[PDB]
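For reference, the structure discussed in these notes is given below.
Read the numbers this way: they start at 1 and go in the same order the structure lists the ligands and their atoms. Chain naming here is simple, since letters A, B, ... match the order of the sequence lines and numbering starts at 1 in each.
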Amino acid sequence: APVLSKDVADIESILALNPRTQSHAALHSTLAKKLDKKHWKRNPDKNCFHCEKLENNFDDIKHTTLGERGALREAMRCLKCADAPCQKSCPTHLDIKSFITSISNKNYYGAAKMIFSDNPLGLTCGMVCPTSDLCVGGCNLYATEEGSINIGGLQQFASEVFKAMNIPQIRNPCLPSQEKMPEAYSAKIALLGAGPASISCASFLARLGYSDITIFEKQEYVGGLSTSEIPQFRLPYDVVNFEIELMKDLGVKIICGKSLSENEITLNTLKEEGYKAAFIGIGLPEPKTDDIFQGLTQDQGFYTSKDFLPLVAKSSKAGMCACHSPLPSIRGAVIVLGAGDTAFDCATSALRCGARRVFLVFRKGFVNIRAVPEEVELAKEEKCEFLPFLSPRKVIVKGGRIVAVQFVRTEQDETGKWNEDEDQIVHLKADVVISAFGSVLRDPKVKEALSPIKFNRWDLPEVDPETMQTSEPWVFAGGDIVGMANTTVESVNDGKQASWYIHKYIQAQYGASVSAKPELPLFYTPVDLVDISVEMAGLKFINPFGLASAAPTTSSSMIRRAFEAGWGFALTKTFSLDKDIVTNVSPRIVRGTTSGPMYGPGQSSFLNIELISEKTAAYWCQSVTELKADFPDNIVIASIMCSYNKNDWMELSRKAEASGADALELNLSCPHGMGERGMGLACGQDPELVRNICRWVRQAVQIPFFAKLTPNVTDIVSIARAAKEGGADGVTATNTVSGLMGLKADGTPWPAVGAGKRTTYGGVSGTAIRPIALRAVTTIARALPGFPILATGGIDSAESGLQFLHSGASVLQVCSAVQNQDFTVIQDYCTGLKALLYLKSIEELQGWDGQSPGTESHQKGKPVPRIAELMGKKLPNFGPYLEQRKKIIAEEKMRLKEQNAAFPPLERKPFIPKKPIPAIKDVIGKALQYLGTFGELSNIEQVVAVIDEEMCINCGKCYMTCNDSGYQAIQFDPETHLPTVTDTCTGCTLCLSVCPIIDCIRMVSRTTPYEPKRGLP
Amino acid sequence: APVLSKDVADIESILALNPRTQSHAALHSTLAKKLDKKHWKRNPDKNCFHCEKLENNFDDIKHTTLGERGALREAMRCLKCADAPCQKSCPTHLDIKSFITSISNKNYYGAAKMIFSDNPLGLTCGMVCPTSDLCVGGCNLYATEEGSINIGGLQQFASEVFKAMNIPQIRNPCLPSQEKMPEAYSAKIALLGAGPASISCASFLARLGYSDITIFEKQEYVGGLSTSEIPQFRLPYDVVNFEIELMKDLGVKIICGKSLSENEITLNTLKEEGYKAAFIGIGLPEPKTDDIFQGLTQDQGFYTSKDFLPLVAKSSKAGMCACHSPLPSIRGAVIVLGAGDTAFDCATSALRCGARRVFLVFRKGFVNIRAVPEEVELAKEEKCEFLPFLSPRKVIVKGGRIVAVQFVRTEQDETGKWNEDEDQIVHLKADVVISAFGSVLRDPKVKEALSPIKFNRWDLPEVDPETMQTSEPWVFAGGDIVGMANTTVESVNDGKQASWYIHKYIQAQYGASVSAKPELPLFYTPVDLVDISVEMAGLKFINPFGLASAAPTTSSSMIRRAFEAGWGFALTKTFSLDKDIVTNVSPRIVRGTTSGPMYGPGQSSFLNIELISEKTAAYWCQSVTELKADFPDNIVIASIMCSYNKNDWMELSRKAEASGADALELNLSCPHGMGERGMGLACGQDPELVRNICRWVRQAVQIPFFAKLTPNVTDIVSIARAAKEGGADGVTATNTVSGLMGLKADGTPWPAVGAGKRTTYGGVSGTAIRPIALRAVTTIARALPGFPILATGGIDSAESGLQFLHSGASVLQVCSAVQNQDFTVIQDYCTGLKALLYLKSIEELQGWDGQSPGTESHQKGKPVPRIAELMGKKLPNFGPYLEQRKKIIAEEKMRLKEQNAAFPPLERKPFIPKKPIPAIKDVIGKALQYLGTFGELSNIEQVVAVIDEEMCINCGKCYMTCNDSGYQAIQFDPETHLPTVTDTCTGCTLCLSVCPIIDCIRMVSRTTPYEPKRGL
Ligand code: SF4
């Protein structure tokens, strides 16, 4: 019979590309290499000077866009810094540390809530903020080779998920009922212009309780420049609509077709009409012009950015207008004049209109470009040509058309000044000219409508930079109109700033005072109303999260701050009688090596050789009395430990109870009387000793007490049962896992103590032991139904916490997650749990896994075009294949231009719960139904792996894993590097487990014949 | 008595910047924000158009340079792809997957060996390769938001560590002795030009065994352009010297002051002198010139790149020449003509010479720039101005000096045919002009010296692109001179390619044939000679690494491939008697959630609910016979399992022994009993059962057998002892840890089987259980001294393997690391272990931790200036402080300039072992001496944390950890964001444990009185 230990021809063939170490250096000529290189090319080719067709292509071109896989990686990378410089560098002071922490914990709702609390246009800003000159410019990670965090992309991601949840914004909960609001809040308020500034101002005023807010917008569309000029390929119109609807949820009214102008709305007519306050947020409505372009028409080929961008927007943004607008026909060479964002967006937009070539002409040098590198990069990658040091002089017009523009040289002298060299000219051929010099306010009728407010030397409304108030106390202004900044986030901040002082002004007008300290409300939704309280062992917890007896509870002052932060409960560090006083050694707590040489945030574990508290029982008991007196609703559990002695346990437990502790937690780590039978060395490892100790405490106190169990036992259920039989009211599962974190190359340990560099076995904590704790909790919950369990072991998010609740635990203890961060994580845990419970009531989101939307086919986090001429073509994203994909996509865009259609918009409508929102008590133990013996698992219902070609990044890991750890069932194409799972798959699932792309590989029910490989008959 | 649970004023103050969730939105005016922004600025300011002083500043400006912290992070990120496109895109075909895998496993030696095996100028290339147009351009991770891997930087890092090791290259080991080499290998070989091409060619010929190789170099310095023109701030000269010395270790001779030219050395004089083969690697020695610059002199301010760059290099590269020379005095505005690497290096170099302003003028557009984007980036960040579409027409000279250059406008038309517009001119003011159009071969005397080889239409030596052979069979050529490529790596490849055919030619001349298949040797050093064999339980292992009984040993055909790859031993997947046949379910193996939502390479654990082998005992026994017959030196251990039955264990053990297995491994996972006698349900959890099973097997077979222990017990020592008492020859520690990996938000498990979505407890494997396995191994080793232990549990590198050996294990079993990669990791483990053992004999490297050099103060992996005017200044790397640091550094550079001195690179000298290189038997159990009870630990010898301000990146994590998990002992400055550990520190070590910068925080002996805090 055949050589069993040898691969047959077929398998040898399938293993052709499997890694094998070479015994010699490789020989490939330089010429051969030059040729082969093209086949695998991923990035832009430096030698290719021809741009990829972009006519009618408005697909997202942002390099910062992130999908869930990418967002989680970047969020975990963030150091989540104290007094973070990125936040200091953000105009709206977003708590970046907190929102990124939430994203890293998969709590997208909490992240979005944090974002929108300080920036009502959070999604728009995540997408368009020039971060390199703002938040990212101050990021501490810039000091590392890998670089600064993609803050904008993370903000965009969390906000997009929230948008997908279709949850509405709600009125401030702690606010009195609409009917009980003081009359001052009904004051008629008017805002002019529906752009970022007014949207923000109106939003914050509405949060404060004002019920009569109206925004008067000149145009038929809303959103300001975010709608009329920023390209669809950078800022999708549906984003703007989303943020507007959120504002409308607060009652803000918007009336379009109304202009602030002398023969229409004026400050005088508003005051006559009874308006108490007004906010001017009309931006800079007119284009900066140059005398040389006077008289030129669009038919001749001349446009100002104010003419051009809105035309492209109306045509590419579904919804914006009621009438379908044609895409401007831009053919030939295009000259764009300007060096700011306007110019770059005109250049890129011109390509979508069919431009053959685009020239960006600056009057200064490259170094003087105004737009941030990120913006410049977009025009650069699309092959726009940059021409520096040129100033326009004349537009040659022949046959009623622009045929060229004549320029003159410019240069900086010996002081810095700029001059024009007349004898040095340039005759640049062009068919279209677009001036993108900027914008201004110059309509006399508009300025007159603002009488009698004072205008500064820049001929713009003068305002106090702190209050945003004009010379007229009831009139405020912000955004581009003030002329201080030119970004969406700064305009949003102006409205935010103004809202507080408008509030102060109105209240004063009604004879009411306001807090000296500004107090703008946060952002709220129905999720915030979800009840996450839970009752266990007769105790009421405001929320299920608490601090475990550990380093974070080293001092009672820390517990105090934890309760102030919002933690539901806390354990004191374990303490004992005076005679059992201990002294710690140092070093004693080290990082885990459980996930490789990854330093900084998110350590996968810690190992400690710390003893019980070094502080006295007297200190802890007085501390408990103090804590319970000041925080009656927060549960305080005293952790205590004694040697195996009845009088001692009774004495200490009674002392703790007398201090006012809500309950006790018995630390069973103390060694016994003389080893002997293999029940370890600690009392907690022997059922008999545990039972006795619990009996002693039960007899001594009347308050509930829980036995903290060690996972270092053969059968933890035996110990849990012993504690129950002893009288314990529940058990804490579990303590740390015994281990050695590692040795240095010289053999010395870490931690290493004293001159002798000695160590002893320590306790492992963190996410690395979560599988062990989860097993412990579930096994105890199944063996002792209804017996209270306090879970501990790797809990670092609402999601992981919910896993333990589902496993049978009632409350959740945390240590390592706090050591990795700080007490503020409680805010993430609470909003996260509320969101998870809330989402369970939304029928239309059942396909989601918690807060994670179903994974859709993507590449780099961008939706893969579902084009018939692409699905099933085996065209990977590299080399000649990518060229083909681009050609196909370009053809589709042209077809879409032909086959016209565009008005099936989405009347945004919030999802409404269709079943009661589950309370904590309703989810406890729900996972137990799926757990059982191996025999209870079906060996008939087998699965096989299936790969989504469109999501694949061609690494071949699935292939390598099946080859050297599986069944050699995957074919890896030598040309496309695309994997195909064959019929020999056994569904072991290893490939799916090593794939870098989330959900690229999925396990599906086997449809073909199934037979175990016995290797022989 | 005070309120004990409240922070006193002092502590409230220290906690000032500690994170606290806000209950309201913040109010900060736009004006206030604009002002505050500058204080924290890290990156370049878009509105600042003035460049940082760079006169005489040759500090490394590469954005790709990596320090160990950064290199480990990037290496772990690499997907380590199959048939990798990056390698396909590398001109020298470097096995990137393997060298990066080695870096990820901290095996820098293995990584360097891999790099140099295919590229003898590996360090130079890591630093200068235009990767985006090469290897990186084909990287699969470009398909992710985070982007492609920094391959060049990783190559640079590994090569730099190897350089620091001061290990010499040695002659290929498996080559006959010098004396026994055929006469053909003594053939006189000549190479012209000591640049990358010839260095590579000479190196490979030397590896093949040729003993008379001489490189004739025209100049007094060696290295070619790497030395004469590439700037010191991109390629340090010591790198070039390092690679040249490695080549010289192979016997290659270099003679300077010798030129290929008529009247000097010619192909005819060489042939006449007895040379059998010649390689031409003289590059393109002359500058491409323009008629309009004829007659202009350096005194007037005109230079060609060939004049200028070497002048700067000779002045900034210590060791290049022997004469100390001043830097060229470049003052005023500088005009650099060109759009390739040459032009950009001239521009950046001009700034070091004192240039006030630099203009890069291109004949074409910005889109037509020849240099890759990172090269262009360097000039751009230093504020060089780019002027496109200009062609030089005249140079204006007044008072003996250039004052301006007049250009005419250029433009492309319908036929790409670039035209020049005469009526459109530019009068650009300038004091210095540097032409950087490129290079060529124009010396008639040099071309004559190459007679009679054929020259092509480009007037360059014509060569066959595959063999590198010229029209004369004994003459070959490569590098810039062939005119096909313009990169160091391609020039290196040309020499590599040529070496094989030169070898083929010479051998044929001596009447000898060569293999049809090219066989260039790998790179070797003394480390490769280190013996890593080990004997255990009477068995000899060629190396201590083996495959555990698991998924990687699902089929014997897989074990065969593992042995072919080099694995020392392997366990069969556990098998049993026919009556105990099992059937697996699916899904059954899932990724661990032990390190968060991190997917792809390096999963920290796996959970499986797989059963024993589904293949029959008949299959496994025949397979063992086949494997042992084909691989007699590779150890094969048969893993078997039976229910608690004497006859069964004896029958199966004898069946396995009869098949020829070297030993047996008893899988004790089979259930027995009810389940509350406090010893679980598996036989392996009960000492009595284990002792009886071992007794049965010992009585049945003569070969050694080991009991595989489960870590899921209260006292694993009791089980180990029971196995020993039963007759086992050792124990395998340990099997998987029982657990539940997690649940989805809806409560369903993963793995989930059937429509019922059911699951059962599985076994956790991988790095996440290493602490448990290491504890188990150490405990058994201390309780049962000398009892053989086969370790298993998270072993994924030579370094982790050595930890287990130090802990008492003799051999190392692996599963998860292979599931995370493939069988080739064995190559990394073996070279890594050899290196770790070798380094223990090097006295001058005692300060290193294994292969990791002692950590030096750095920022972004670059050395921090050990300047007096900088130390203790509390100047962080941001805002106005950074501005300050730049001013101080610039002043230091100017000071160093005035003191025209220094030059002692103290010739490179290999370190020599000063003690015997440890064998595996010499390190086993060495760490046990440090293990003991808690009471044996000194509570008198306490430590405190100390922070190196220069390495800090100001995140405040140390501060937050001490505040909410410590003793509130760190002050975090509100302006500089610099932390300071105060006297209240207790040395808990949490801050050091969460700091993102390796070795920024260190624990040092406490010098002040220690008093435990008692709460009062
Ligand atoms: S954790 Fe480390 S890099 Fe961060 S502020 Fe503390 S010493 Fe600096």
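Inclusion of B:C952 in the first shell of atom 8 (Fe) of ligand 1 is supported: an N, O or S atom falls under 2.8 Å.
Classified by interplanar angle (parallel below 30°, tilted 30° to 60°, perpendicular above 60°), the ring pair B:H39/B:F878 is perpendicular.
Counting heavy-atom neighbours within 6.0 Å of A:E564 CD, excluding the residue itself, gives a total above 12. The environment of B:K62 atom NZ is dense: over 12 non-hydrogen atoms of other residues, nucleotides or ligands sit within 6.0 angstrom.
Short contacts between ligand 1 and B:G956, defined as distances under 4.0 Å to a heavy atom of the residue, involve ligand atoms 4 (Fe), 5 (S). Per-residue contacts place B:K957 under 4.0 angstrom from the following atoms of ligand 1 (heavy atoms of the residue considered): 1 (S). With ligand atoms numbered from 1 in the order given, ligand 1 contributes 7 (S) to contacts under 4.0 Å with heavy atoms of B:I1001. Those atoms of ligand 1 with a heavy atom of B:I953 less than 4.0 angstrom away are 3 (S), 8 (Fe). Short contacts between ligand 1 and B:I947, defined as distances under 4.0 Å to a heavy atom of the residue, involve ligand atoms 7 (S).
With hydrogens and angles disregarded, no donor-acceptor distance shorter than 3.5 Å links the side chain of A:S555 to the backbone of A:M558.
Looking at A:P601, A:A143, B:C958 and measuring to atom 1 (S) of ligand 1, the nearest heavy atom belongs to B:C958.
Using a cutoff of 4.0 Å between basic side-chain nitrogens and carboxylate oxygens, A:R561 and B:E12 are not scored as salt-bridged. Ion pairing between B:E950 and B:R885 holds under the 4.0 Å rule for side-chain N and carboxylate O.
Screening B:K860, B:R69, B:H63, B:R73 for a side chain to side chain donor-acceptor pair (under 3.5 Å) with A:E145, the sole residue that qualifies is B:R69.
With a 4.0 Å heavy-atom cut-off, ligand 1 is reached by the side chain of B:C1000 but not by its N, CA, C or O.
Atom 4 (Fe) of ligand 1 has its closest protein heavy atom at B:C955 SG, 2.4 Å. In terms of protein heavy atoms, atom 2 (Fe) of ligand 1 is closest to B:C995 SG, 2.3 Å.
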